[PDB]
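A.B. asks: Quick one, structure for this:
(chains A, B, C, D, E, F and G, ligands or ions: 2)
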Amino acid sequence: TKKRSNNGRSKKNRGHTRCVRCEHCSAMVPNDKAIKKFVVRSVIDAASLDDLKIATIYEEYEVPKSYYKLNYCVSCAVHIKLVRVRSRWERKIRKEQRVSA
Amino acid sequence: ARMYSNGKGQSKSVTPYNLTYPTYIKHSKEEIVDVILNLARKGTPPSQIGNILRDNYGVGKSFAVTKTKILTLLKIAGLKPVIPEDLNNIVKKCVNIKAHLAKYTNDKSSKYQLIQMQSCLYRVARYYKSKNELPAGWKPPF
Amino acid sequence: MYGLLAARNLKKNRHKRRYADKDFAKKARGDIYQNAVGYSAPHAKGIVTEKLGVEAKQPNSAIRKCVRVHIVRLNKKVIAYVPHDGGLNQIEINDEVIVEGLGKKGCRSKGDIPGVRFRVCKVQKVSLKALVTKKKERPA
Amino acid sequence: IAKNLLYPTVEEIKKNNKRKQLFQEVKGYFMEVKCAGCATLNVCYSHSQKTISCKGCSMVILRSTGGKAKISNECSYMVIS
Amino acid sequence: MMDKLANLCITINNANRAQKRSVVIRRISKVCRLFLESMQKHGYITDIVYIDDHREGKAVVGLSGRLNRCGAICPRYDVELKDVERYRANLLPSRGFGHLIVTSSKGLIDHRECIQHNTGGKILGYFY
RNA sequence: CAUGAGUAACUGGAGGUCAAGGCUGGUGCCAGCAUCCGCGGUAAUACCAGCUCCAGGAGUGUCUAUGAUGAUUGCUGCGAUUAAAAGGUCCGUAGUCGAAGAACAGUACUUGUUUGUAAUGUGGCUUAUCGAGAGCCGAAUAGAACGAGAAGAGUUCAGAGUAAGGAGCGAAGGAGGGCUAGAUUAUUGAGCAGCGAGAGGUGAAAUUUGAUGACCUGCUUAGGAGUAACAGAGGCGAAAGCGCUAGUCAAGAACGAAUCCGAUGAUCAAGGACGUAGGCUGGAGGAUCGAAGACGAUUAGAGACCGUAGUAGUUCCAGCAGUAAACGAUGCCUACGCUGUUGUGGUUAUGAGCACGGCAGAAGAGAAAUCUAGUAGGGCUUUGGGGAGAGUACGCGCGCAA
RNA sequence: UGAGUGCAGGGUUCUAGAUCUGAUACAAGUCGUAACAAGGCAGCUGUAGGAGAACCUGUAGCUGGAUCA
Ligand SMILES: [Zn+2]
Ligand SMILES: [Zn+2]
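C.D. replies: Residues are numbered from 1 along each chain as shown, chains lettered A, B, ... in the order given. Ligands and ions are numbered 1, 2, ... in the order given. Find the structure here:
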């Protein structure tokens, strides 16, 4: 029986879409189906900022950040616990997740 | 719906309820009739005659003054073309597509458009060669 | 096909549909005259050539008593079942027996006997029911 | 019958599409435009498919667009039909 | 294009189910007029106005509380006077009430008038 | 009419369907019974018998064809989202189906009168003791002759111009298509320079490569693919499919509006054109990835999964081929239909509309799950009829083969 | 006008045949364990190689998936 109204993907009014590759296992997954995750990570760890304050030559310094978008296939997303199995009424709830660091 | 594609557009223009006589205008009957026959001899299609009469001379639908239709007036004056103007515009588009494909042979989309266009020609031809408006052995310019 | 002047189209279509029915198909396109008892005849005469036994299908546990018959009208050899309690004892090799159908729509196996399609009715011109129950005797 | 169904209010008329009514409505009309300066009058159609220039002075009086045409900044008009 | 007599029937059947009292019907022919005029004679509909719009035509009608259902038959079968009672028993709910309408050389008539005038015709539609 | 007298029932059943016994004795998965479901392994209301009951009765059981059962052949009257079942997409002939207004004609259509039926059958009455039986009466099918009526169907017309179609005009929008000329990085390969011991790969390791200087960091170059992030329940295309920037060449969709022609139209056997990927025939080329083949590990064994390496292919031009879970598993035109919200492109009395969408309820519907599935004798094509064998055999048509 | 009968062929229906190759039933024999749980490498459709055997591997697709995010 049909488990989801949208077939588990975001394609509508189209024939075909570009593929992308999974970060964890390099499998091909369609772009409109892949699980997506955003990361904004400081170059320097929080446990070093108190040393940075005496190491730097400049009057003040702003740490550089690094930015990423990651893609996962279903198997990897479930195994890494980005997503979890949910009850028949919970399946319908849609909410934006946090940006990781 | 549309004949060669999946279209369902609805853009048309409303025909009036009654037609009267355009008393606001600034020419006589005989002047309007002269304007038409001049534009005809210069070689304009009858749909363009209609556009000019509305736009420049200020007459809607070009019949309220004349009690006669544009193509019938051209037959009374003897200015009738050799081929009906619709069938004529279909042969032109075919020629254009064949002239493109002659130099850009690789275009599968243009090939597709040609076979649609060609079908429409013969469907129109069979109408006119039943109403005796074309000779029975007429064939396309190709 | 539902138009007022559509009768010809409708007739030809509906005729072609009927071949999907197994019943109509067999009568039309199968070999309906291959059988000793069937479309051809209600009963068949034949001569006994061997005595035989067969296991019942699961979950039953029995040996069923059967006879090899040469059919006079076709020259095929067929298996038949012998119905009654001591019935096998009423038949000798080279006796003549008359044979009968099991009562299904096509020729099909009945109950727990695998692959046997007929049963014995009379031996040497007399009813097997009378022979077994000792109401009458062999012609001798 | 209902009055609402046989005789719609003028509010209802104005909200509907020009074809989807008890009687279909003409939207195009004719006007007399007068030129700034030379004060000559030209007959024009609303929704014009052609750009139009004033008699005599040759100022472009009316510009054709995808919908209702645009009268040049200084000019003025009256509906005639 | 849809059949005009079919369109008439679905338009009034749905509006009746939705408990509306009046409707506008958008494409009208000669037999559609005569059908509506029949329903008025037997008191199934109350008021009729016709709009002369120069684009086909349209009608505005008031429904009564007595109308349960109506329908057109397609195609329009030919019937002898011997045949009409067969169709009567197939279409109508009771022997006591309701109308089966037939076209004839004497206009539209009901299954009782067929006996009076001694004429078959072609089957058109029904209401009860 | 008159004499004797006192004779005269069987077939199939008794666990359920299905009317009528847990009765007594044998037998112990044996022997048998049972259309179907099922009984019997020592406590059998089902076998073999006794005894009582049941059903029909001068009759009752069995086998075999057929009609019904059966809306499981569907004109009346079934189905095709998931149970069996909508052709991968278009074009198109035969075929079936086709506006409003005003008029006209009678061959179908319906009906009158007259013909057209011995027996059988149908409605009756009369005589054999009764009842079939016999005898007499009346009306009748299809088919044909001559009249009548004109709603529907048909033919014509133009001081008529579809929320029917085609031609054309105006301003604009889009990863729709072909061609020409350019581009920022990245992955490999070579040259040269610096440095002097490990690099790679994994869950953990070994094959493997390095003092002929690896790895990493510079500068030079040579190629062949690709267009990250922006990027979405966004857009375009008949479907398959389409994502860097300029220039160029044809045609199409939608919108605005007093342009022109007038039935030109819907659906479609046969016939024709397109169709991801993998494959095949010839040419160009060859970075990355990698069927086959070869090793290293793991295991009872791995021929596999993992790692090292490696060929055909993967790219382009000219063609052949014709299949996909080619799926929203929902044919194409055309209707009638509740509300709220959010998009994309035009137009706007700024109130709204038109085309193409998404989402959330409701009411109905349905075996439910759910809703492209509500209402319905609108038109046309494809298609299913319990599992298997079988989408297989033989014949035929296409293809170089597959 | 022609019966009968020569000699070649065809069209139909049956039947023989060394040997090979399908299917079905095999109480329970031998070797593994491919599917159904994330079935121990998620499964399935097309196409192409390979292999005691279920099957395995490349390439494009689908969710009837283990994700309506
Ligand atoms: Zn992965
Ligand atoms: Zn001026």
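A.B. asks: alpha carbons only for contacts and neighbour counts from here, please
C.D. replies: Will do.
A.B. asks: Stretch E:59-70: end-to-end distance?
C.D. replies: As for stretch E:59-70, its first-to-last residue distance stands at 17 Å under the measure C-alpha to C-alpha, to the nearest Å.
A.B. asks: Just give me the residue right at the centre of chain D.
C.D. replies: residue D:46 (3.5 Å; C-alpha atoms, centre = their mean).
A.B. asks: again, but for chain E
C.D. replies: residue E:35 (4.4 Å).
A.B. asks: Can you classify the closest residue to residue E:32 other than its chain neighbours by secondary structure?
C.D. replies: Here the nearest residue to residue E:32 in space, its sequence neighbours aside, is residue E:5; by C-alpha to C-alpha, 6 or more residues apart in numbering or on different chains that works out to 6.1 Å. Reducing the assignment at residue E:5 to three states with DSSP: H, G, I helix; E, B strand; the rest coil gives helix.
A.B. asks: for residue E:5, what are its contacts?
C.D. replies: The contact partners of residue E:5, taken as C-alpha atoms under 8 Å, 6 or more residues apart in numbering or on different chains, are E:31-32, E:72.
A.B. asks: buried subset of these?
C.D. replies: Under a neighbour-count criterion of 16 or more other C-alpha atoms under 10 Å in any protein chain shown, the subset of the contacts of residue E:5 counted as buried comprises E:32, E:72.
A.B. asks: State the phi and psi torsions of the residue nearest to the centre of chain D.
C.D. replies: The phi/psi pair for residue D:46 (degrees, to the nearest 10) reads phi -50, psi 160.
A.B. asks: I'd guess residue B:2 is in a helix, am I close?
C.D. replies: No. When classified by three-state DSSP, residue B:2 is found to be coil rather than part of a helix.
A.B. asks: Just confirm residue A:9 contacts residue A:32, I think it does.
C.D. replies: Yes. The pair formed by residue A:9 and residue A:32 meets the contact definition of C-alpha atoms under 8 Å, at 5.9 Å.
A.B. asks: which one of the two has more residues nearby?
C.D. replies: Looking at residue A:9 and residue A:32 with other C-alpha atoms under 10 Å in any protein chain shown, you find the greater number of neighbours at residue A:32, namely 17 against 13.
A.B. asks: does any part of the longest strand seen in chain C sit near RNA strand G?
C.D. replies: When every strand of chain C is counted residue by residue (DSSP state E), the longest turns out to be strand C:43-55. No. Using C-alpha under 7 Å from any atom of the strand, no contact is recorded between strand C:43-55 and RNA strand G, whose separation bottoms out at 8.8 Å.
A.B. asks: What strands flank the helix or strand just after that strand, and is each parallel or antiparallel?
C.D. replies: Tracing the chain C-terminally past strand C:43-55 and defining elements by DSSP states H and E, one meets strand C:63-71 next. Taking DSSP bridges as the criterion, strand C:63-71 forms sheet pairs with strand C:43-55 (antiparallel), strand C:77-81 (antiparallel).
A.B. asks: starting at the chain centroid, how far to the first one?
C.D. replies: When distances are taken as C-alpha atoms, centre = their mean, to the nearest Å, strand C:43-55 is centred 12 Å away from the chain's centroid.
A.B. asks: How about the shortest one?
C.D. replies: Distance of strand C:77-81 from the chain centroid (C-alpha atoms, centre = their mean) equals 9 Å.
A.B. asks: send the alpha carbons of that strand over as CSV?
C.D. replies: Coordinates of the C-alpha atoms in strand C:77-81 are reproduced here as CSV (Å, rounded to 0.1, in the frame of the first residue of the first chain):
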residue,chain,number,x,y,z
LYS,C,77,-5.3,-48.0,-22.0
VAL,C,78,-6.7,-46.1,-19.0
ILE,C,79,-6.8,-46.4,-15.1
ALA,C,80,-10.2,-46.9,-13.4
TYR,C,81,-11.2,-47.1,-9.7
